[PDB]
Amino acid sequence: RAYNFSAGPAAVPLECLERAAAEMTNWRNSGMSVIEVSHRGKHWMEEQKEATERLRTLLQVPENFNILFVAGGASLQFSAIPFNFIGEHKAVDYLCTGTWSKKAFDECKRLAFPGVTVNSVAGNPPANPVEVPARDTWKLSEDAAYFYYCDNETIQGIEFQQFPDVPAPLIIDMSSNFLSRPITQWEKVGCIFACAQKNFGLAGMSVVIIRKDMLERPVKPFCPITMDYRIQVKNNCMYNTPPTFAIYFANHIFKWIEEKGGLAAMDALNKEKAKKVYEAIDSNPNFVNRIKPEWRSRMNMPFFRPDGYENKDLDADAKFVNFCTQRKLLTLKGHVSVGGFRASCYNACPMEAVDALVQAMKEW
């Protein structure tokens, strides 16, 4: 077992892999793999109900929110969100703090729903952002259907300590920090979503959590029927065949998070993990992270050579990632757009892996 710092898909608890291995040919004493079972059958309908409730209880999701498991990554939800939540409103607001919030903004722009202003709150971010632009600089729209933002930017390593204070309901991309800490301010939230492959298992599935009053809004025309979240809610997320393995495996990870003492415990461990990684970049002269303490991500810790933000060198970066690969510290190569290095440490990343990376960097 290597120490895996992949951004996505990412490390998973070893216990969950072992349970899946051991259940693979015969699950729930059914004489079948979870892969082979009808989704209209008793066994699967139990598993999906269980998974939904486990998530309801882990997050303390209020009674006035629906919880959905749906096929497709975060990128598909970028399209679905404006189809579902613009309603009759004449404007939408996107705070683009980095690449992922910018892509979601670009998808809403490109779709070009008639009469709807697609508004970038702080404009496009710079190539290498240091912070979230000041609250007093934010351009908000009069008739905003929602305020979209990304709670944790993976490539930049920018994370909100708390939810923004704005008049419109928040729609929040939590792909890279979902179930990494509790969520407290539910009254502000219209929708929260996350692809599964960062903090709860397989790619190709996302969780979407929606406040019930948001689905009373009319769906825009030409929405694919399965991306209409009202139809999903109505049919128990089984209008068609759901991504059964992904929901099964996510449920095992939900159980594992519970065993570790809920989401508060995850937040503490993740903070302890991030503390050791950021200190090892800061104190060492070979590595640099320009992100400021207020906005530093507990999940994704990017860093470059001293002039690596401005001067891209694929050969210079290559030697350090090989140095890490050679000692079983895998997938520390940064995202291609920025290059450099990135330690992604989600819930399943152990402290043993963090200490090993610290020791490796300190010996560079």
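When you see a residue number, it is the position in the sequence shown, counting from 1.
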With B-factors read from the PDB entry, the higher C-alpha mean of 260-268 and 218-226 is in 260-268
So 104-112 or 132-140, which one's hotter by mean CA B-factor in the entry? 132-140
Among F69, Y309, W27, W44, highest Cα B-factor in the entry goes to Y309
Using only the C-alpha B-factors in the record, can you name which of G157, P293, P82, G201 has the highest? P293
The third of the chain into which the C-alpha temperature factor of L55 falls is the middle
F254 - which third its CA temperature factor falls in, relative to the rest of the chain: middle
Relative to the other modelled residues of the same chain, rank the CA B-factor of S283 and answer lowest, middle or highest third. highest
Based on the deposited C-alpha B factors for this chain, I'd like to know if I35 is in the lowest, middle or highest third. lowest
Is the Cα B-factor recorded for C345 in the lowest, middle or highest third of its chain? middle
